[PDB]
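> Pasting an experimental structure, sequence included:
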Protein chains: 6
Amino acid sequence: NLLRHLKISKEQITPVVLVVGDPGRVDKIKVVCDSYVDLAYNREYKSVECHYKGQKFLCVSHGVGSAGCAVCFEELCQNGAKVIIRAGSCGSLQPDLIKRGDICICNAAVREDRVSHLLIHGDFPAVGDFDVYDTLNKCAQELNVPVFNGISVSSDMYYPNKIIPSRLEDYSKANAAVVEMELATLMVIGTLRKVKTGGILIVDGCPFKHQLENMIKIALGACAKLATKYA
Amino acid sequence: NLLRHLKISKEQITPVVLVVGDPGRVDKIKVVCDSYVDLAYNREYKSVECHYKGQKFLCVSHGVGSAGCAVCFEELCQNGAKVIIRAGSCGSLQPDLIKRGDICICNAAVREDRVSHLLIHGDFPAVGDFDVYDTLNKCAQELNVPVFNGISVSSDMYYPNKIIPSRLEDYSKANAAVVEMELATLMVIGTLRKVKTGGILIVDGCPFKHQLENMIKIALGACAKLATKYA
Amino acid sequence: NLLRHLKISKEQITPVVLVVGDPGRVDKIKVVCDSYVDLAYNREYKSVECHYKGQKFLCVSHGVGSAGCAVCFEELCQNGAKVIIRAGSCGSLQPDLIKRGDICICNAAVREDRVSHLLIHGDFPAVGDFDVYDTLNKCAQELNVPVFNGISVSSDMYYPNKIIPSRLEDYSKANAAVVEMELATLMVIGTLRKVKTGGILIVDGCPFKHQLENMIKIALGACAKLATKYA
Amino acid sequence: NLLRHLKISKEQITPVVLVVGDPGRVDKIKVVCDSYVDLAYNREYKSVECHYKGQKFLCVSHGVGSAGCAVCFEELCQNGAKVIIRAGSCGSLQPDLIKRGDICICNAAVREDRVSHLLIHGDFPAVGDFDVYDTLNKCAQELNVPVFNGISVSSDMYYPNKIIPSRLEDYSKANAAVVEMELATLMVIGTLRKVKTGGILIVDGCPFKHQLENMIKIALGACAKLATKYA
Amino acid sequence: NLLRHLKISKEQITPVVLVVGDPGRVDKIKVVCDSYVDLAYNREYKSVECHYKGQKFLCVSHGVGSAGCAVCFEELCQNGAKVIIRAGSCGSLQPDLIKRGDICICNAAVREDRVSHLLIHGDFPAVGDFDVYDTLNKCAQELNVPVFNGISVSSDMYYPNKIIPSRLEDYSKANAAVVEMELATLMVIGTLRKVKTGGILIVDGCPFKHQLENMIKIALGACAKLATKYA
Amino acid sequence: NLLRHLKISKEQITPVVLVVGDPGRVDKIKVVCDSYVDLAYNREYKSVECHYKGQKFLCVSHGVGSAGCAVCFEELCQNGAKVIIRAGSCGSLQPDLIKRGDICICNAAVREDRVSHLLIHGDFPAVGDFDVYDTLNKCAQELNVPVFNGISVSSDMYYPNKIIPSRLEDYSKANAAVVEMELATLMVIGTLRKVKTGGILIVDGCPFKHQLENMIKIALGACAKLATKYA
Ligand SMILES: O[C@H](c1cc(C(F)(F)F)nc2c(C(F)(F)F)cccc12)[C@@H]1CCCCN1
Ligand SMILES: O[C@H](c1cc(C(F)(F)F)nc2c(C(F)(F)F)cccc12)[C@@H]1CCCCN1
Ligand SMILES: O[C@H](c1cc(C(F)(F)F)nc2c(C(F)(F)F)cccc12)[C@@H]1CCCCN1
Ligand SMILES: O[C@H](c1cc(C(F)(F)F)nc2c(C(F)(F)F)cccc12)[C@@H]1CCCCN1
Ligand SMILES: O[C@H](c1cc(C(F)(F)F)nc2c(C(F)(F)F)cccc12)[C@@H]1CCCCN1
Ligand SMILES: O[C@H](c1cc(C(F)(F)F)nc2c(C(F)(F)F)cccc12)[C@@H]1CCCCN1
């Protein structure tokens, strides 16, 4: 009784799941835990059980882009996952303030996908669980890692054309901090299925004009903290 | 140099502002503080300086509905206000779980207004500041008052007709907790102007099928806590 | 058996109602009638029975903005009101032609609200009753007061930002005369509930780059004329 | 220097124009005037100069549907026409009240076209000139012909399918009286170009479940009345 | 048992129909066939039975614009027509490449109408039948007539205003070749009713900055080829 | 000078590219060619040079979903690819007619993504190149493999919820044949960048109520045929 795309079973699903885009990132994360168990690898979806600080939680890759990741997240959320934290990279939308390697823990997101709109009307917020956000922030503080907080623009467009103007500049003026491609989708799906979500991101560019290791530490720390509550 | 609709001046604006819909509610709130100073009353917008736990903060009425309240909130946000907490009433969207007199502290809202859409594209979240939410929650806990947390549906429609179906049932299924008329507007305006916002509401009905005093205590407590940081 | 927000009863509702935004305006209007009876004051909604030229009609304040005023107008329309005329202020959209203190009697309006869209699809016109418009015009003429006629832009945005362009310039080029915030809402609600509506406005600004007394006279005149038909 | 589709020249354009859909209707109208002059016939656009009650005005066919008629109306409005009255047939949207052969003089219309939306944002009303409406009504009264007044639903769909529900039932509940295909387009174009418009229609069906001659008389009467003002 | 607007009967409908906008074009086409039979002329809809290369097919005029032509096309498609090819004129959207008199055979179209949107959601393509396109192309080649291939922008706006920008420039950059007013409507209706459609157009202008006879030959050739299959 | 996500270089890009969703599918395809060269594997994007019938063309995996695949397709289209054919699986939208294992070669698609809408207005068709479609069809015929032809619904939603109705039933009634998740995106991107595209799909389910090998043969055959033209 395996999940259709993750090819893992319901019993293999822990309460806390760390998600990342790249299956290769799962491999670099697992070796930084105390131990791990490889579970499956199907398409872009790679699943490993991570063991860290006496706690147990999966790390799963979701692929690039909202529709791809919705299949991952739906399979998790409908099969016992209670907390999903996305860790990844992003573009800065405030290049004067937030620079290469800076880390942003996000509370909400702009819904520039389609799938969330196929699930619920556009007016509904893409918003993470406060507790997951508080936990992520507290782990950062404990490790003395400075971080930013803010809204991420989640967009299905990576390569713009020159016909329809990009809204990234509008959202920068609206004080959105960063840009990526899956957080909003995660948050809407999460909310609809009673799954607590959050997101922590490392800036690796700007669309306009050691830190990684720390980001990962923060994310694994938050997962261990959250996991403790369900064990 | 008075504000056009609030008829108060920039110097009279404290860092923290409590907002409520009804000017009569301002009067019932002020007398529960240690002392107060009546500042102005113009149209539906009543402003009083509240004194509570050694702290100083305004209580301002915003009127019914999103466009009316946007004029209030814009005048505050553009003239020195740093934290705005809305306190009011709402309908329950989960009548089995959340009942008459229950109190909900909200993290985000559904944007069923127009004014927010005239300010920023629909995909952008209506989301409150986490710190304001954490503060509100902590005051509740300190007073041993149980509370719910969740998304509020902010709608410009109070009296439905029978032509266009209401989305309230959709949003209830999407796990939105409550319904009111101004929170989303507050949150978008707040975000756009770098003003930290939040909302605490008391259930007084359902669109489908002592506690007040406690709500007010929580709200005044959070305002005093937040105010301390800027004095 | 009181109306929920107006706090008046069905029997207190006359066939003709004059509506204005500001409760203070009700007070300045009532004293210009032959006599009056104060009925209620709840939130921003102030109701007074006006007596003028042997006729009987209410003057009710509706607050600022479309959602707020929809609660007022729905309570009136569902409880026996047959004719509602809004009197108020507006911005000029044709500053070369229509200046400070000029009076505009409006036949239709731009629906830049939300509530009307929650009632009926966007394609439907916001249009006043011709008879109410003809009456308003005829009273103006009788008093030898010059007036303009045209479409009003009804917008939920008073304070623009600099992200999303305002449509006010588009509508000025489309030959819309004035701008305000509630007429469209009135007209749609009116049409949906078989209530005859209209609007007369005095210019008090421009968003781009004695007369009051006369406006009020015109409005009270039209109300007396219309009221005569139902008594 | 002929108009591109009407194949008439600017000098041949009178201040008042009667428009109808069918070129054959122009022929049946012209012979009921005192005299006439055939001007042109190109595609569906037939133009004749009508002479009636000592007055001079064109009767022009506009074809079926909004985009077709917009070319007619734009050529008229940009080349000296001041008043355009559409006369035609329609479906009843209130079959209990308004029956086969009843005549409706319309004040406004539902914009279920595209071309008007390519000219101006959806929120803007399709509304006729009050004076043209008053004139049409007064001619009816003079001839003792009973008439209805109301909003027409102007739709680009004549033959519905069974996938997307028709809004005709919604608009019937919204108290729209009749349905046709060009009035809204006329009214928007009219408003944008400072041309006074109106519409008088005879019911010839229902989408749900002697009089002609009188309609035509009313229309020719109104044209003669309006024309007198510019001669 | 006549069709309501075409005024022909079901038995008079051939499997292949050539459609054109102008009823006068039907007259110039019929005389180029081997023989013909005039069937009807009602409003802008002129129907003639064409006889060419031993084959039998109608030529029908559809009028200007999408809503008008939808009535024509629906009456054909619901009454036995299997193949509809539109032949007409268009504007070039690539003036450097495609010039006056050049001929474009179109595979798909931009849906800038309303009626198609009243039939099926905007996301659905306006696309012709490949076989009809292949046939049209092969007839061109047989007659050694050079042709272009591409998407046509079908727009309900002929005369732009200066408020809402035209999308024609956007679609030119998107590599749309030509512009006209009815192809998209034909293609959607065709697809919905299982009718095979296509379009061949001759450039006669640009919105920016012998060949006819050949176009007609190509169109009559394709109709004869297609007709052979059903006889 | 490697492509950012494909991690191949411009010189490694052939004129014809076969694309598939699953990187594992690339592996099963390559071994069926005469020979191959593994080029790269980064994230879900696996690239191999295929050698077949004396011809040279890449096979590249694009991942699940529209936004993910747009990064793949944009990198190809902007770096020398002239023909992209997608081969994959789909759901049947006509379960009576089109069954498990049946193969559909698609001419156009429904744009239920977001990224295409961020590139060009919704009215623009998602349509493949006719020549690629003709080639695919001819290879099928040569191998005596029966196939269907039609429109695919491309949707970003795989797992529906029960709040917002799925349009799949609407599109089935509109005669769309199949459903998948990337074809529309491919086709729009293709059209915008002057890249010829197409799609061949094998039915493996229905959302309502040997053949593989043949599909692959057809796809490799079409790629070899198309490649011959550029070598
Ligand atoms: O989402 C991450 C990301 C996205 C985008 C955006 F969507 F705006 F173009 N920009 C990114 C940037 C950018 F340079 F800011 F543009 C840097 C790092 C990651 C980015 C990447 C997207 C490609 C796949 C990996 N995630
Ligand atoms: O926003 C509060 C409120 C709104 C609405 C809604 F918008 F859904 F109809 N319902 C409320 C309810 C309701 F009964 F749940 F419907 C109770 C108490 C306050 C409500 C009120 C609205 C009227 C003015 C005072 N705030
Ligand atoms: O609706 C009236 C009004 C509105 C607006 C608009 F919505 F465009 F900004 N502009 C007004 C102006 C303006 F100056 F034209 F902008 C003058 C007087 C009244 C105005 C005011 C709005 C604030 C509350 C009282 N009614
Ligand atoms: O606009 C007139 C008309 C339209 C429509 C509608 F658009 F709803 F289907 N219904 C009509 C009806 C109808 F029967 F009510 F449906 C009767 C007479 C004229 C009608 C006709 C439409 C066909 C061309 C002549 N005008
Ligand atoms: O559709 C044909 C057409 C349309 C348009 C457009 F819709 F863009 F304005 N432009 C055309 C042009 C134009 F000059 F390119 F603008 C030339 C020839 C026919 C055109 C004409 C439209 C008027 C009625 C006859 N078909
Ligand atoms: O796009 C293919 C596909 C999609 C969908 C849809 F989007 F409707 F749900 N349904 C599919 C079906 C379905 F069973 F018809 F629902 C079968 C096989 C592939 C399908 C799959 C989607 C998951 C990732 C692989 N492609």
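Now that the structure is in, tell me what you want to look at. Residues are numbered from 1 along each chain as shown, chains lettered A, B, ... in the order given. Ligands and ions are numbered 1, 2, ... in the order given.
> Now chain A against ligand 4: closest residue?
residue A:121 (29.7 Å; C-beta to the nearest ligand atom). Heads up, the C-betas are built off the backbone N, CA and C, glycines and all.
> Can you classify that residue by secondary structure?
Assigned with DSSP: H, G, I helix; E, B strand; the rest coil, residue A:121 falls in the coil class.
> can I assume it is in contact with residue B:173?
No: assessed by C-beta atoms under 8 Å, residue A:121 is found out of contact with residue B:173, at 11.4 Å.
> So for the two, which residue has more residues nearby?
residue A:121 (17 against 14; other C-beta atoms under 10 Å in any protein chain shown).
> near chain F, anything from stretch A:28-43?
Yes: Stretch A:28-43 comes into contact with chain F (C-beta under 8 Å from any C-beta of the partner chain), by way of A:42, A:43.
> tell me how far the ends of that stretch are from each other?
Terminal residues of stretch A:28-43 lie 18 Å apart, using C-alpha to C-alpha, to the nearest Å.
> Other residues contacting that stretch?
Applying C-beta atoms under 8 Å, 6 or more residues apart in numbering or on different chains, the set of residues contacting stretch A:28-43 from outside is A:5-8, A:12, A:18, A:20, A:23, A:46-53, A:58-59, A:63, A:216, A:220, F:21-24, F:44, F:63-64.
> 6 Å - rerun?
By C-beta atoms under 6 Å, 6 or more residues apart in numbering or on different chains, the surrounding residues in contact with stretch A:28-43 are A:7, A:8, A:12, A:47, A:48, A:49, A:50, A:51, A:52, A:59, F:22.
> Give me the buried positions along it.
The neighbour-count check on stretch A:28-43 (16 or more other C-beta atoms under 10 Å in any protein chain shown) flags A:29, A:30, A:33, A:36, A:39, A:40, A:41, A:42, A:43 as buried.
> do you know how far the last one is from residue F:68?
Counting by C-beta to C-beta, to the nearest Å, the gap between residue A:43 and residue F:68 amounts to 11 Å.
> now do the second one
As judged by C-beta to C-beta, residue A:30 and residue F:68 stand 23 Å apart.
> okay, which residue is most central for chain A?
Closest residue to the average C-alpha location of chain A: residue A:86 at 1.6 Å, with C-alpha atoms, centre = their mean.
> list the contacts for that residue?
Shown here is residue A:86, whose contacts under the criterion C-beta under 6 Å, 6+ apart are A:19, A:183, A:186, A:199.
> Verify the stated contact: the last one with residue A:183.
Read it as residue A:199. Yes: Residue A:199 sits in contact with residue A:183 when judged by C-beta atoms under 6 Å, with a separation of 4.6 Å.
> near ligand 1 at all, the single longest helix found in chain A?
In chain A, with assignment by DSSP state H, the single longest helix is helix A:211-228. No: with C-beta under 6 Å from any ligand atom as the threshold, helix A:211-228 lies outside contact range of ligand 1, at a closest distance of 12.2 Å.
> and that helix, what does it pack onto?
strand A:16-20, strand A:55-61, helix A:130-142, strand A:196-203 (3 or more C-beta pairs under 6 Å, 6 or more residues apart in numbering or on different chains; DSSP states H and E).
> what sits up against the second one?
Looking back up the chat, that one is strand A:55-61. When contacts are defined by C-beta under 6 Å, 6+ apart, strand A:55-61 is touched by residues A:14, A:16-20, A:22-23, A:26, A:29, A:45-50, A:223-224, A:227.
> How about the first one?
Surrounding strand A:16-20, the residues in contact under the criterion C-beta under 6 Å, 6+ apart are A:57-62, A:76, A:81, A:83-88, A:223, A:226-227.
> Mind listing the strands that strand pairs with, and their directions?
strand A:55-61 (parallel), strand A:83-92 (parallel) (DSSP bridges).
> could those strands be laid out in JSON lines, adding distance to residue F:97?
Below are the strands paired with strand A:16-20 laid out as JSON lines (distance: least, C-beta to C-beta, whole Å):
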{"stretch": "strand A:55-61", "distance to residue F:97": "38"}
{"stretch": "strand A:83-92", "distance to residue F:97": "40"}
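> Out of those strands, flag the one nearest residue C:103.
strand A:83-92 (53.0 Å; C-beta to C-beta).
> ok, that closest one near ligand 1 or not?
Yes: Strand A:83-92 lies within reach of ligand 1 by C-beta under 6 Å from any ligand atom, at A:89, A:90, A:91.
> got the angle for that strand vs helix A:211-228?
Between the axis of strand A:83-92 and that of helix A:211-228 there is an angle of 160 degrees, by axes from the mean of the first three to the mean of the last three C-alpha atoms, to 10 degrees.
> which element follows strand A:83-92 toward the C-terminus?
For strand A:83-92, the following helix or strand on the C-terminal side (DSSP states H and E) is strand A:103-112.
> ok, is that next one in contact with chain B or not?
Yes: Strand A:103-112 comes into contact with chain B (C-beta under 6 Å from any C-beta of the partner chain), by way of A:107, A:108, A:110, A:111, A:112.
> Name the residues that touch that strand?
Contacts with strand A:103-112, where a contact means C-beta under 6 Å, 6+ apart, come from A:126-128, A:133, A:136-137, A:147-155, A:171, A:177-178, A:183-184, A:187, A:199-202, A:215, B:123-125, B:127, B:130.
> Using neighbour counts, pick out the buried residues of that strand.
Buried-residue list, strand A:103-112, by 16+ other C-beta under 10 Å: A:103, A:104, A:105, A:106, A:107, A:108, A:109, A:110, A:111, A:112.
> Could you do stretch A:17-29 as well?
Residues A:17, A:18, A:19, A:20, A:21, A:22, A:23, A:25, A:26, A:27, A:29 are the ones in stretch A:17-29 that count as buried (16+ other C-beta under 10 Å).
> In TSV, list these along with distance to residue E:143.
Shown next, in TSV, are the buried residues of stretch A:17-29 (distance: C-beta to C-beta, whole Å):
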residue	distance to residue E:143
A:17	65
A:18	66
A:19	61
A:20	60
A:21	55
A:22	56
A:23	57
A:25	60
A:26	62
A:27	63
A:29	66
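> any idea which of the residues you listed is the one closest to chain F?
Distance to chain F, by C-beta to the nearest C-beta, is smallest for residue A:22 among the buried residues of stretch A:17-29, at 5.0 Å.
> quick revisit: adding distance to residue A:95 as columns, could you present the buried residues of stretch A:28-43 in CSV?
CSV is the format used below for the buried residues of stretch A:28-43 (distance: C-beta to C-beta, whole Å):
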residue, distance to residue A:95
A:29, 28
A:30, 33
A:33, 34
A:36, 37
A:39, 39
A:40, 39
A:41, 37
A:42, 38
A:43, 35
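> And the residue in chain A that ligand 2 sits nearest to, how close does it get to ligand 6?
Taking C-beta to the nearest ligand atom, ligand 2 has its nearest neighbour within chain A at residue A:123, 13.9 Å off. Counting by C-beta to the nearest ligand atom, to the nearest Å, the gap from residue A:123 to ligand 6 is 25 Å.
> likewise residue A:69?
If you measure residue A:69 against ligand 6 using C-beta to the nearest ligand atom, the figure is 12 Å.
> what does residue A:127 give?
Here residue A:127 is placed at a distance of 27 Å from ligand 6 (C-beta to the nearest ligand atom).
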